[PDB]
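First the structure, which I've put down as structure tokens, then a few questions once you've had a look.
Residue numbering begins at 1 within each chain, and the chains themselves are lettered A, B, C, D, E, F, G, H and I in the order written.
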Amino acid sequence: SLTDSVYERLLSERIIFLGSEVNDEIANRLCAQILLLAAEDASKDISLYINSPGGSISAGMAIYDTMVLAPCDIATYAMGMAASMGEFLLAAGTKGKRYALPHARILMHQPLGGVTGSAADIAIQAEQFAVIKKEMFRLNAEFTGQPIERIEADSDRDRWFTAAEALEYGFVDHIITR
Amino acid sequence: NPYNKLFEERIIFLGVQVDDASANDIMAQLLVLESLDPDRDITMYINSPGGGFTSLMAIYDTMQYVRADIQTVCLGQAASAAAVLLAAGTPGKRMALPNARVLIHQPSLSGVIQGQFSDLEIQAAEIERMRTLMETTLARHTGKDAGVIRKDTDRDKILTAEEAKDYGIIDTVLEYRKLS
Amino acid sequence: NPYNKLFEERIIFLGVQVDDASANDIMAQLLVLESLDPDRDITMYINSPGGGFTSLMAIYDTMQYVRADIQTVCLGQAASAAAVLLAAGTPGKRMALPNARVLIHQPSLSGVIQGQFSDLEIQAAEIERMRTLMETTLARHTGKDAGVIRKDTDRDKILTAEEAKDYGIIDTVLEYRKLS
Amino acid sequence: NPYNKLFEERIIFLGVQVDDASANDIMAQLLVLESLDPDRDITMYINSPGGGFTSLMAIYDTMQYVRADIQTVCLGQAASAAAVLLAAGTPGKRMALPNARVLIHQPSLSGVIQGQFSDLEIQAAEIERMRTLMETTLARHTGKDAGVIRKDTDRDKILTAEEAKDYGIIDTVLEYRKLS
Amino acid sequence: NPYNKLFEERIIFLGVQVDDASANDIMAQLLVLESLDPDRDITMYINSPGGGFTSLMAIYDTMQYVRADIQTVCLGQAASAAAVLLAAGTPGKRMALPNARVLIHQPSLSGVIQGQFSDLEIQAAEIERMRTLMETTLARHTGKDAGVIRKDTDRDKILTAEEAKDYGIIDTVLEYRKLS
Amino acid sequence: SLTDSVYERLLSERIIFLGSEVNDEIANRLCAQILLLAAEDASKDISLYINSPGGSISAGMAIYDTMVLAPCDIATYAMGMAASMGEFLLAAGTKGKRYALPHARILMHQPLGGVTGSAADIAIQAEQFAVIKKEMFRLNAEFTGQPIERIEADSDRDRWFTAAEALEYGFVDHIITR
Amino acid sequence: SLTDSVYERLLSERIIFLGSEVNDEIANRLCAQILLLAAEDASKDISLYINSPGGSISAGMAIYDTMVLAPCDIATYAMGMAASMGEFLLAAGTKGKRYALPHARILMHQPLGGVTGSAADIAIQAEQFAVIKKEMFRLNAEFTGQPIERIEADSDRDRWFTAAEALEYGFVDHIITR
Amino acid sequence: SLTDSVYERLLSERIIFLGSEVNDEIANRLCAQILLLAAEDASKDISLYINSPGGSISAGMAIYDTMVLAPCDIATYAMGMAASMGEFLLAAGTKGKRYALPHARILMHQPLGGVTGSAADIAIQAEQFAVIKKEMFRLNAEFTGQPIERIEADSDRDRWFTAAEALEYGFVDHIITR
Amino acid sequence: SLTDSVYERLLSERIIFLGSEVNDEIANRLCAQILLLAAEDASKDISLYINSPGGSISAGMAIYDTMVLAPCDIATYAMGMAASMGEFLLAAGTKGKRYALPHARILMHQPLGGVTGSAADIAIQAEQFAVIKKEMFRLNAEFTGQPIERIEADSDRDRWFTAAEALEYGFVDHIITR
């Protein structure tokens, strides 16, 4: 495969890609790449280019934990689209090393999901969704430096940002320009 | 309803695919018209793409069985089973309007029938008996020999109303009797 | 019911796809209206996208066969088979409201018909006979030559009511007779 | 049944998708009401998402053709064929309740129509003729120029009842005549 | 039939999904009851999950348009369009049994509507006009301000019968009038 | 795979291909190829042959940002079809190095998409679609040198160009002829 | 894969195959093979055996432009079936080097397609289809040496040619016989 | 793949296989194998084992032309089933080198297909089907040495042959027996 | 693939497997393996382990002819299931070298199939099915040493055999026991 070939060739250069919807499989692939790059060299930056339409939070939680616990500083790059888990994993990068390409579009919105089962099961899912939303909003407030109330009021629905708007909000720290 | 109104006028419509349900409807109509008046001629208008051979033979048997004569008037098309039913009418009273179609070919199976080779041999002998019975019916109704019917219905033999009259499927071409 | 009420007013609606079932309904209505009064003109309102050629020829044969004249009034669209049936009306009494459509082209097969090359050759000769019969009907009903119909119905020839009157499909454009 | 009860009250419901079947039902109802009393105004309540252009022109031709005036009252929405049929009513008697919708845009093809480039060119010229005929109908019924209709119906032009009255689709907004 | 028996008792059932067909049935029933007696109050029992906004506005316009007062009694659920229609009743005669539901939120599109960005902008402005019209209707019928309706119907605002009476959707909670 | 083999062999010669609909996966493959070619040699041209029926803007935005920020001068080649994001990425090449093959067909139309959700969600999608359309039209005006009003009036619907028509409009700079 | 293996082994011998319906993917594969063979040796012939039931014009336009602009002389070989874009790309070969196998069947007919959208969109598609048909017919007149009016009158519907009939018309220049 | 592996290992021994329905893809694979074997050694026999339920005539025409135009003598081997295009390509082998395994079943019948489109299109397809049937029957008469009228009368429907029956008719020249 | 790997490793040891339904593709794979093993060494036994639920006769005819015409003695091994074409190809092995594993189940029944088409086509299919059934029954009588009438009376329907029952009937010659 040509795509896997160029992906492994850029993995040898410590450049990983979040190029699809963040499901558990792609998440475990990204965490395996991060763990491999941390085992190779724990002092060199891991470049994570994110072009993702979102995905699972659990998956995003796994990628985020692998990003922070790896001794390398994870430099995230908003490439075109960062929505939901993309933006969350983009802002999850190291402070001072989170970048957005000058025409990337960043979509921050409340976690979305589904309820099913009996009334007690849906109530339990409600407690879990509330805890998930509070954790995601507290983490986004930690990343962007914004208050958690502004995070929740803005991510109540689909909230869009350009490169400069995300730089002003706090998802990224610089805008790569030549 | 026009169908019931023409049913009081002794007119039956063979207008759908010839399956067992349409066959039983046609047989019930024929038996009712026979019980009503066994001397008055039952008019059967035929615009049908045909269907199964067993329903074909059922309608043919009921048309020959009723005491009333069967004036079969073909309109548009009488393919497969409807052409044999059109020839199955009373001799001298088989009609077709000039732009009607008459499609006569050997009976075929609708799809694939699976099974062991003995069951396939039985089904093949049965469809050969169907072909021979259709050829015998067309030979006894059109005046031709069964071998000529066998070569002609080997493939799709398509005739007009005039061509069916020269072939013997009908005995008269019905002119347009419009007053103007 | 408005359809039955206009059926007592001698009005038939060719308003659905022209298949064998709709063909037999139209033929039953025409035969009932002919048995009722063979002198009063049968009005046939035509808003149909057409269909099979055999049902087309069945309805044409029944319209020419009934003793009553057929005033075919095209509304909206007389496409494929309904345009030939619209031209199949009584000469001098073929009407169409000014924004109606008349689509005349050569008959086509609905999908793919498989088989051996001899059966495909037979089906091709049959659809060529269908094309020639449609061209002959339109030539005898519109006053044109069959070759002009052959070049025109080579592809989708689409005409308005005025264009169909100059073409000969209808004999009169019906004005809006609203009192206001 | 409420539909038949209002049909005795001279009220027609254009309440479904405007296809050939609904078109023929509306035309049959209009012709029955015209044969009953050609002076009393036929009320047509219009709550429809539209449909084909040929059925649109059929209903328009039948509404203009009947001797009775057509009071078209739009309820809820008159998109596509409906809005042109709503403007197709008798001038001075075109109504719409204040929260009704009027969606006017150029006619489109429902899906993809395949074929050779000559057939595609013919279909394109035909849909251009449809667009021009719809623009001419709306220009003759709303008092505007066909070019203004062409720019406005280039995309989905959506109007309220007041906006349709200023546009000319209706001649009066009907107030709520509740006694309380 | 119980529906017709209660229709003679001036009772209408808004019991299915509010689409154009159910809208036209409700409008026909309302117009029949208005033509019968324009002073007697039309009872509309509402157990519906809602539907389109255009059918919603059609039923609302017809309820406000008829000379008879509309006593809307919500049973089970008056959700989406059915809730706005419940508030659309005559002031002082809007009822709901104590365990009924009232779901008010902004109108949404059933699925995905594709097209160019100008057509998407037009559809977005149209659904914004739908949201504003629903908020204006609920503000004029519940006594609240349109901004409070805008924040409340931003998401699924679900109320009981008492909560809808304090909200203003209904004017009275109907007690259980069982004799025992 | 033979197709992947010849694609990697032309990638070794710095010739990449946008040969399908521009979705996020093909976009990340193209950006990985661009990043690899920039890491190999940042002074040699990257030839991007575009035969695409369009696709996602986000994907096109990612490819465009990777093209510009790449030190290499991205020479785009309109090959047969350049529709929507194909023409956007074709005109996104370096000025003086954007080419069209003499029988390529270039389609420039307003971005297309879909609205869903509640009325506030569709209104938010309307703001986002307006910003996306304004950004795409400003970028096409930057590429072709045409005014943005002419860009919006022409790309209101499907706007077709031949090789010479696109050379006159400004999507490409030369027409390759032998 | 055995098929890809023999395809690459014949690509090493400069023999490419148009063996399926001409869609954009197979077209980009063929253009990549042509560009690779031109980069290897620009003076040796590229043999393109065409067994195709037709396909896309934009795809055929891309293959045709890659064939002409290729320094190498593209020797086309009508192998069994050359329909629509197969015959267009067969006649697109170098003059004097277009061949037909003695029992190949060549089908030339007006381009086909579909019309969708609003009336203005279908009118725009009508202008584009007219330009496409005129360009294809002018190119077929350039290839076969026939007048464009004869091309349009013959390709109004399905027009069939044998090997000798296509040699007389001008799609090929010789009939390979042993 | 094991099947592709043994196929390439027998291709190295100049043994090719027509083991499926003869469509355009398998036909181009077989023609590529024939061209490769002719480029390797033009004096050694190419063994084509045919176990095919039929397929496309064009595909069969392409395979046949590649068989006769390759300088090698194509020894065909009826292996189990040779129906339609299988028997046509089996009898297409070199005279004196066409073989049938002692229990192969050979099915010769008139070409089959379908008619579609308008009446002029179906008439054109009728001329093309008549020319195709006449060419196939003349070629089968050339192969078997039988008159063309006997070929057409026998292949009017499904005509079955065993090994000895096909040896007597002329599809093969010897029956391999040990 | 692990399955293809162990299959090729046992093919190097001259052990082939009929492990699925006997269709034309698996049949051509098995005949290619037999031809390869005969080209490698024509004096060593080819072990064919058969675990098959039946399949095509033509396919079975091809496999059978390849088994007999290969100079190697084909030792068949009834492994678990030998139904229909499995038992036909199991009994098709060399006399004295046909084996059944002690718990294999062997199913011999009349050939099955399907009729379609017109009455003449179904009659032709009837002649062909009769010839096929007579040939299969004569071959099974040749293998098992039983009279052909007993073969036809037993294989009129599904006829089941254990290892000892098939040894007594004649499908195999020994029962492998340790």
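In this text, a residue touches a chain if its C-beta (ideal position, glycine included) is under 8 Å from a C-beta of that chain, and two chains touch if they have at least 3 such contacts.
Between chain D and chain I, the least number of touching-chain steps is 3. For the touching copies chain H and chain I, the fraction of interface residue numbers used by both falls below half; the interface is of the different-residue type.
Per the C-alpha superposition, chain F sits rotated 105 degrees relative to chain H, a value rounded to a multiple of 5. If each chain is reduced to the centroid of its CA atoms, chain D and chain E end up 27 Å from each other.
One finds 66 Å separating the Cα centroids of chain A and chain C. Computed from the mean C-alpha positions, the centre of chain G lies at a distance of 47 Å from the centre of chain I. Contact of a single residue of chain D with at least two other chains is seen at positions 118, 123, 155. Looking at chain G, residues 1, 7, 120-121, 125, 132, 157 sit in touch with two or more other chains.
All chain pairs in contact, by the document's touch criterion: A-F, B-C, B-I, C-D, C-H, D-E, D-G, E-F, F-G, G-H, H-I. The touching residues of chain C, counted against chain D in their complex, run 2-3, 5-6, 9, 11, 13, 15-16, 45, 47-49, 75-77, 79, 97-101, 155-156, 158, 174, 176-180. Taken together, the chain I residues at the contact with chain H in this complex read 1, 4, 7-8, 11, 24-25, 27-29, 31-33, 35-36, 39, 56-66, 68-69, 71, 120-121, 124-125, 127-128, 131-132, 135, 139. On chain G, the positions that touch chain H within their shared complex are 1-3, 5-7, 9-10, 13, 15, 17, 19-20, 49, 51-53, 79-81, 101-105, 157-160, 162, 176-178. Residues of chain H touching chain C in their complex: 109-120, 122-123, 125-126, 129-130, 132-133, 156-157.
For chain D in complex with chain C, the residues that touch the partner chain are 7, 20-21, 23-25, 27-29, 31-32, 35, 38-39, 54-62, 64-69, 90, 118-119, 122-123, 126, 129, 133, 137.
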